[PDB]
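Just one chain follows, in the form deposited without the partner chain, and it is written as structure tokens.
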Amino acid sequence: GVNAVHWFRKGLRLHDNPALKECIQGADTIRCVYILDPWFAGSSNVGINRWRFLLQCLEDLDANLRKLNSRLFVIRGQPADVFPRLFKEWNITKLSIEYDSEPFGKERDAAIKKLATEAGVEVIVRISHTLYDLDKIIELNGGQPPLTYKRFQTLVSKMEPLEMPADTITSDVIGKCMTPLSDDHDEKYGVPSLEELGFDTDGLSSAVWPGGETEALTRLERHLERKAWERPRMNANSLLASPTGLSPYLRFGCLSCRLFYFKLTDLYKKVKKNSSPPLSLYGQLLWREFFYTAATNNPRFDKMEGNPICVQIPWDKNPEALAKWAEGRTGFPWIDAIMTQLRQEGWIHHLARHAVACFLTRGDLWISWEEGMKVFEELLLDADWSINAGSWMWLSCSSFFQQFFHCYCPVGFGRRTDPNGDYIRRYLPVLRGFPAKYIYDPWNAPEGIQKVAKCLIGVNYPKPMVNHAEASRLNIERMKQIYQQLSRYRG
């Protein structure tokens, strides 16, 4: 008969999955696969929190596929190596994927499409990771992605309204389509543990961001309910991970960005009684869309050299200073607490991202945004290659049409956000004995207060790695020199 395979990569969900929906129709068998390769050289920068989140996403998909008398098939290796084997072993004639706009993904999928055509396999590709067809955005702009956010808002406003999200895969949708299964299915296709991937899980606590579609849909309800109770304002509690947080689920595809969009539009129309909401309503959704669009045709989006849209800034190379930043031992408790939360949990507030990005690049250390991006790629759960690269370029003053002239204070920003320093004490236990007057600048604490706090600066917690007033004055001057001769730094 017609034997079909749906290939999960992103879109780790059964709701709003047009590719899986189309693949099942007219099919006699269906197998959903995820191709996992934790040893891939190109994935050497993936942190353990990302691996854990993904594995929890796969367990949730497997559990939800159980409800449809199916299972997830987890397969080890590289798609180019695995798919020809599967095409023959399973006699596959249909393969479905959610479209991937990112350059590496487009390249991989082009190769797989060639293997499928060679094997007599029809390839079904449907767009569902983004709100729009990004290629249509670019065509509407004249063939180039809009290089500014409000130009992007202009084009998007002129587009056709979004079509309804695809129906969720139910028993009545599967119909006669079945999944051939064996009693030993877990031995060959089961979802592995972190330990089974060779990871020592020593030092791991319960995940602050549990993966999966079930979690995402539960959080979506809470998120809308809280919104039922304009751009929000950050306070101290905003720094903590929220049970209403959706951002990692949108990144992995646990939550459909189109479903989220429609639920937001639905809620707005109920409270504000009109169908033309402020683009404010969608929060980061269009920033998300903006960076996917800017990156899709730029294979060097994550680089400075050879990247046509990036300002060629002469950053310093300082591996020791970069390591202090990445490992949260800069000696600035505000910076270190943020980098510690990021490493421990996999999410930090957007304004905390601005703070540590400024400190590393244009503000204090004058280290390339490429190096910050690599660290964030390792640890951050909610930012794809396209969004990470674009965000680091924009925030480091590396885009020609976005400048920041105010340098974040690595003491005052934290003190102004959380005056008592509860955030510091939560993530930097060595500093817990310091009173609020010194918690953001413990080097200013007299020797007696340090001894009482059982924390000698330079012994138990490092001294501040730079003099911020001097470093920022020099770096503000350097950035002013660059933008005074901006065209000279065009590649």
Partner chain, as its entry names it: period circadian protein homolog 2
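Rigid core (definition): largest C-alpha set, two forms, superposition within 1.5 Å. Residue numbers count along the first chain shown, from 1.
The following text describes the form solved in complex with the partner chain, which does not appear among the structures shown.
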item	value
Candidate stretches 196 to 204, 107 to 115, 245 to 253, 84 to 92 - the one whose heavy atoms come within 4.5 Å of the partner chain in the bound PDB entry	196 to 204
Candidate from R76, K263, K303, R126 lying within 4.5 Å of the partner chain in the bound PDB entry - any heavy atom	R76
Heavy atom within 4.5 Å of the partner chain in the bound PDB entry - the one residue of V33, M465, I30, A445 that qualifies	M465
Heavy atom of each of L220, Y292 and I335 within 4.5 Å of the partner chain in the bound PDB entry	no
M479 within 4.5 Å of the partner chain in the bound PDB entry, heavy atoms	yes
In the bound PDB entry, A323 touching the partner chain (heavy atom, 4.5 Å)	yes
Any non-hydrogen atom of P146 within 4.5 angstroms of the partner chain in the bound PDB entry	yes
Non-hydrogen atom contact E378 with the partner chain in the bound PDB entry at 4.5 angstroms	yes
Sequence-ordered list of residues in 452 to 491 near the partner chain in the bound PDB entry, where near means a heavy atom within 4.5 Å	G458, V459, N460, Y461, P462, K463, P464, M465, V466, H468, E470, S472, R473, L474, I476, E477, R478, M479, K480, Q481, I482, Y483, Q484, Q485, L486, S487, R490
Residue from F404, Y132, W315, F262 whose Cα, after superposing the rigid core, lies 2 Å or more away between this form and the one not shown	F404
Per-residue C-alpha change between this form and the one not shown, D37, threshold 2 Å, rigid core fit	yes
Closer or farther in the bound PDB entry: C-alpha pair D316, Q403 (3 angstroms or more)	farther
Note on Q403-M465 C-alpha separation in the bound PDB entry, which departs from the shown form by 3 angstroms or more	farther
